[PDB]
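Just the one chain here, the form deposited in one PDB entry, laid out as structure tokens.
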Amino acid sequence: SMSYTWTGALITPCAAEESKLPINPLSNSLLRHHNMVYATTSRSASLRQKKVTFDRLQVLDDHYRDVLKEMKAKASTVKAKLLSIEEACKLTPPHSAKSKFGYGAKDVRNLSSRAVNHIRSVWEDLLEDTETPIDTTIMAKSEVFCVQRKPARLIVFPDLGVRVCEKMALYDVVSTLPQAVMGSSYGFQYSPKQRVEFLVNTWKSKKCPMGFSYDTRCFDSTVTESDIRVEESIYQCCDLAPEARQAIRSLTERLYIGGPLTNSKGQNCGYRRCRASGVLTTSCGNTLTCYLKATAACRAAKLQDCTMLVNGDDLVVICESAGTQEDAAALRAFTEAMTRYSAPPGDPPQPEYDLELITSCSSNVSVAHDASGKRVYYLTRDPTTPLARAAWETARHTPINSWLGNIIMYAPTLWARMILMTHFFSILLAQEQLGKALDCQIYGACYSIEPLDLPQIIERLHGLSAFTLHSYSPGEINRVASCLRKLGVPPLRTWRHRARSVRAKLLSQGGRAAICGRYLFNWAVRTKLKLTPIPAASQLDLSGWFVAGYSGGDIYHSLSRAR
């Protein structure tokens, strides 16, 4: 069946759309080639519609059926809880899209009578009606990139009331079921340090390792109605409250398998028969589907001792080599099996024999040295997108600060320490905003974090070595330096100079600012300050940070104030 059908109505914006990076003094201090930075808009939506619309042909076999039964036997151990309305309301981001029914995210979070009444009505409707397709809005996503232009990605999501109900029925399922089913292969249970440890230990565990990343083209569009019903068959193995069982059944038939598309103007846009990108099950469902197809494809390909690491549609496989020619042929057999399963490749996978050459979750393993000269493995990535987005976020107030998420997740990297920390601490200190909480995203969930709490966050995630790495690889240094020339970012010497300045100012303030000066900027001086465990680090409640993926799932993970 076609992933989408269209009526001809356009994918419309709801307000004015900015596509060019503004010429602003603060962003220009970071990145001077402003014309290279752009944001996607609804103006390119028709190009994306063409790419995501195609017929799916899916052929299932015994390997697929065998793996599915194995997955369901593991799902059968799970007991999932129905969330109360209050619990589901607290998981709603403060800036989540308002309902079309007269209330918004602040009303949901405040448990306003109108919001609660409407959520109760939507819940009862899911329990009573098993078939009426649920309306969804389709919008073009506004995302920033560096040239060499991508068309806008499309986001499809139901109304706020339905999103609260999805949490009630499925938040516990999507949070706990993936690790129960996939075990160590489930990527979202790992912090970046745990992920690098898992990749390095897996790589070194093979007698002669071979690894590859597998890029499915337009994954959400490749997801069939059969895949979404198979995903529900796994959720149904949980012990569930009867209302949760009916809600999951109704949500599957009325929303997850497909439904009508409406634009921002209220016009009928078309019909979807594939994965919606903006529902609570997007991450979990994609992860399960990708794991199932890949596990079965490994068996069809006769790949030896496969270890998968899956995050949604992002897949990396590490296995035992059977020799270069045999590996090349088995990888072609894997691709053929994935294609039969309706997961054809974007670019053909390539066998890799060096762990540092593999890109998974847009990241690669690299090596640096700690204060003792000991080798420390860590995850890095090409810094082009992070820098382009940091420049955008400097010129415009954006709802999500990718720069803050990048400092947290890529804290050990040369580029996050020398450029992102220096730039934003310099600006925030000048604005007396170091203690102002900002929103960022970790594995798709929204968190409100104060920049002054970064040292203890980084220590907990990455260890104290994140503040002592030096002797970065020549390849990594070259990639960063080349990116700076390309984007017109000042060279690393300028960053060191700016860091010494903000470091002095932070130290002069005492308190949490001085802890930022000491730990975050010790790299900038020859006269190193002594770095001991931060007392606040052991007290941090990082429950919920690295449990599951929630991208597109409308999840907020910071504390709700009492009432």
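We number the residues from 1 along the sequence you see.
Missing here is the form deposited with a small molecule bound; even so, the following discussion is about that form.
Given that the partner is absent here, state which listed stretch (415-423, 104-112, 88-96, 71-79) has heavy atoms within 4.5 Å of the small molecule in the bound PDB entry.
Contact criterion met by 415-423 only.
Since only the chain is shown here, I'm wondering whether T394 would be in contact with the small molecule in the bound PDB entry (any heavy atom pair within 4.5 Å).
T394: contacts the small molecule in the bound PDB entry.
Given that the partner is absent here, does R56 sit within 4.5 Å of the small molecule in the bound PDB entry, heavy atoms only?
Output for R56 is no: heavy atoms all beyond 4.5 Å of the small molecule.
Are any of the heavy atoms in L487 no more than 4.5 Å from a heavy atom of the small molecule in the bound PDB entry?
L487 belongs to the contact set for the small molecule.
Can you check whether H63 is within 4.5 Å of the small molecule in the bound PDB entry, heavy atom basis?
Residue-level check for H63: no, no contact with the small molecule.
Name the single residue among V502, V37, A45, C516 that comes within 4.5 Å of the small molecule in the bound PDB entry, judging by heavy atoms.
Of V502, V37, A45, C516, the residue with a heavy atom within 4.5 Å of the small molecule in the bound PDB entry is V37.
Between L126, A390, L240, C269, only one gets a heavy atom within 4.5 angstroms of the small molecule in the bound PDB entry; which residue is that?
None of the others qualify; the residue that does is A390.
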